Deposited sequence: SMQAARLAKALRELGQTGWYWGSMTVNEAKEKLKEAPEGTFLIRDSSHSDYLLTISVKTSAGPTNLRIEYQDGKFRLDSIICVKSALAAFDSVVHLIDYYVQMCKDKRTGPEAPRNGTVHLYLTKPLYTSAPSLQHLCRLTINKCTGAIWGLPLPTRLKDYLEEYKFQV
């Protein structure tokens, strides 16, 4: 593949989540996340010129916003100090979120915590089933499903 195709794929994935909110200001994100559980998150467009996307997340100390860098074909969280080998970066922005949700299943300066999305709209029943299946198993090619639906499951492997 080439980069334009991998990025197209990542954005199509993002459009499947049900928790990509499009144009949404800082204040609107704050109002939506005010009373939400810690770790509730959504992705929206960044109003900054150098970034496509921003994560809004309910923290310990209230809602905040972390821009998502896209560099050398991969998404990574904005960081104030980094070591390249230490910062998780993925072709897929949903993969990046899913990685940190999986990491955070195990539990002064605020700590990042990501748990559950804040849906802007209800995903399709097909996609919701796919999420549930992904939470049940990583091995879908042995399931009693026609291969057309195994292909469907393969298009979106994440648990969020």
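Where C-alpha coordinates are absent, the deposited sequence of this PDB chain has only the segment 108 to 116.
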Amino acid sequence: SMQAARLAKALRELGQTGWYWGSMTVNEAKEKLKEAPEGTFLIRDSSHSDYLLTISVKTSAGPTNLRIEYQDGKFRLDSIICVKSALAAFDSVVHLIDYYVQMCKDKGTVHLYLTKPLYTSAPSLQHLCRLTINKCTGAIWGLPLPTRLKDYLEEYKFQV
From here on, numbers count along this sequence of modelled residues.
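The mean Cα B-factor in the deposited entry runs higher for 30 to 38 than for the other of 64 to 72 and 30 to 38. Taking the mean C-alpha B-factor of each stretch as recorded, 88 to 96 and 43 to 51 are not equal, and the higher mean is that of 43 to 51.
Take 136, 14, 143, 149 and read off each C-alpha B-factor from the entry; 136 has the highest. Annotation for 124, 109, 132, 120: 109 ranks highest, by Cα B-factor.
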